[PDB]
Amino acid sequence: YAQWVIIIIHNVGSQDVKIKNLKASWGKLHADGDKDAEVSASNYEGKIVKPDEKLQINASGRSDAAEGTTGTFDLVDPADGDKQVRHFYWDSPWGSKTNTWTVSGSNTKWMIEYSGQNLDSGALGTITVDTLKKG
């Protein structure tokens, strides 16, 4: 449980954004403040984050294995036929390997800002992702 991430998507613009394809390849997804309460990625599939709302994802390594947390998701634009906005990848591996947080993709109608990631040894930490559809 030393390897964990909290990802907070904050819609700071005026247009809805949508999450799809959340998947942890290592570790689990869990409820806020509750690593023992696992949650399904399907609870997030297609969820809309409205203006000024936040959506929180919590992921951690396994309780009974030397396994960190790794995963991906996409943000898409529900006003534009779920057009891809950005792809996201996280990795907080068990052991000495540094952490990774990677945002990728091109959709010039959107601005995406993130901060909080710990790229050194230890947990990736709490990453806030602000989203804004440009006017």
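Numbers for residues come from their place in the sequence shown, where the first is 1.
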Per the PDB record, is the mean Cα temperature factor higher over 95 to 103 or over 52 to 60?
-> 95 to 103
Using the B-factors recorded in the PDB entry, average over the C-alpha atoms of 41 to 49 and of 70 to 78, then report which stretch comes out higher.
-> 41 to 49
When the CA B-factors of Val17, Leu22, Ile127, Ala123 are compared as recorded in the entry, which is the largest?
-> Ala123
Given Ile8, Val5, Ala2, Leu132, the residue at which the Cα B factor reaches its maximum | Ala2
C-alpha B factor of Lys83, ranked within the chain: lowest, middle or highest third?
-> highest
How does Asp34 rank on Cα B-factor within its chain, lowest, middle or highest third?
-> middle
